[PDB]
Amino acid sequence: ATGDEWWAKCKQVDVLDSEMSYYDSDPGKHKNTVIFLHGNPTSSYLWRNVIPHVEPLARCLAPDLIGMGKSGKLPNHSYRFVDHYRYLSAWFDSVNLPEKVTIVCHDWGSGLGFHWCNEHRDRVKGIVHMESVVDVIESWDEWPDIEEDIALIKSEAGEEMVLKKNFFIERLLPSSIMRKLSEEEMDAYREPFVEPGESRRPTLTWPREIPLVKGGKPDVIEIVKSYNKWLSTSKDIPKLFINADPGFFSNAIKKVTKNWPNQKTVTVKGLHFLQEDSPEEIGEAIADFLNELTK
Ligand SMILES: O=c1n(Cc2ccc(O)cc2)nc2c(Cc3ccccc3)nc(-c3ccc(O)cc3)cn12
């Protein structure tokens, strides 16, 4: 599936002072509804092979985060977590959702999704998460050691690596897919970022937001601490952790969430971008989880 084929399936809606593109399998319907949230440096395209296993049984939506995919670029180039959340929250209000929804989320889309869920607890039917932002990072001994990588990307070298050389798209993304993407698939990930410069700013600001304590991002830290406390104590919120083997953050997430209530786990093969290696197994697990929500 080329990018052109995927985005031809998608719609666009005005959101605040911009616009967001999104997949909607059944517009305007209040049936069982699932929202899929990508992270960095992907788009709704990440879910293209997962959704076909879920949409037979549920209305499926998948937005492109602001500045990403086919969503609008912001002239102020401000793509912090709270900026993304402002646009994504307005998107939620613009697409005629039912009262309760299931959130499926990945990477920074789980940061946004966990936070949205924490702030709209009455709307949460269930949460499916994978390679997700489940807690703050204190010591690097619990997590994959990317301390120096984060120091580097927060330095002025990050502007060169990302805005000029597209580091997250051309180096990081293929490094955490087990197979090699076809040229058409790789071009779909490149398309939102083909212009060097501030078009690529979302893929640089996202890693600079990583919730390292004492890392200068106290608003992100408070947000993650808050939803972590809720997720750790929410016995009424069904959760599905999709564990990637070998994964990247998956081993740490398994430990961090081991005492989360009302959580089931399924393991699939993959690295960080597990959707590109096990889309069928992920989609089937989501479909089965939706069935369990009726209990
Ligand atoms: O902000 C982030 N998240 C968000 C996040 C945080 C905690 C969590 O539990 C889940 C998600 N994730 C990353 C990753 C992970 C990854 C991406 C792609 C390939 C290989 C690894 N890698 C980097 C990075 C890696 C090198 C580098 O030079 C600069 C940055 C940043 N990340």
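What you see below is based on every heavy atom in this structure, not just the backbone, and it leaves out hydrogens, waters and symmetry mates. We count ligands from 1, going down the list as the structure has it; atoms in each ligand are counted the same way. We count residues from 1, following the sequence as given.
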Self-check item: Closest non-hydrogen atom pair between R59 and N96, with its separation
Solution: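 Between these two residues, the closest heavy atoms are NH1-O, 3.0 Å.
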Self-check item: Distance-minimising heavy-atom pair for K73 and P192
Solution: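 Of all heavy-atom pairs spanning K73 and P192, the closest is NZ-O, 2.8 Å.
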Exercise. Considering only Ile, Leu, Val, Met, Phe, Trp and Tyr, and joining two whenever side-chain heavy atoms are under 4.5 Å apart, list the other residues clustered with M178.
Key: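 For the cluster that includes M178, the remaining residues are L271.
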Can you list every pair where an N/O of ligand 1 is under 3.5 Å from an N/O on the protein?
residue  : atom   : partner : partner atom : Å
ligand 1 : 1 (O)  : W108    : NE1          : 3.3
ligand 1 : 9 (O)  : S132    : O            : 2.7
ligand 1 : 12 (N) : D107    : OD1          : 3.4

Quiz prompt | Pairs involving residues 139-183, ordered by first then second residue, that meet ring pair (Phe, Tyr, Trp, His ring centres under 6.0 Å) (sequence neighbours left out) | solution =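 Every pair satisfying ring pair (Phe, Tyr, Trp, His ring centres under 6.0 Å) with a residue in residues 139-183: there are none.
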Practice problem: Could you name each residue pair satisfying ring pair (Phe, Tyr, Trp, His ring centres under 6.0 Å) that touches residues 176-204, not counting sequence neighbours? | Solution: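 Qualifying pairs, neighbours excluded: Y45-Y189.
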Self-check item: Ring geometry between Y22 and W91 (parallel below 30°, tilted from 30 to 60°, perpendicular above 60°)
Solution: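 Plane angle over 60°, so perpendicular.
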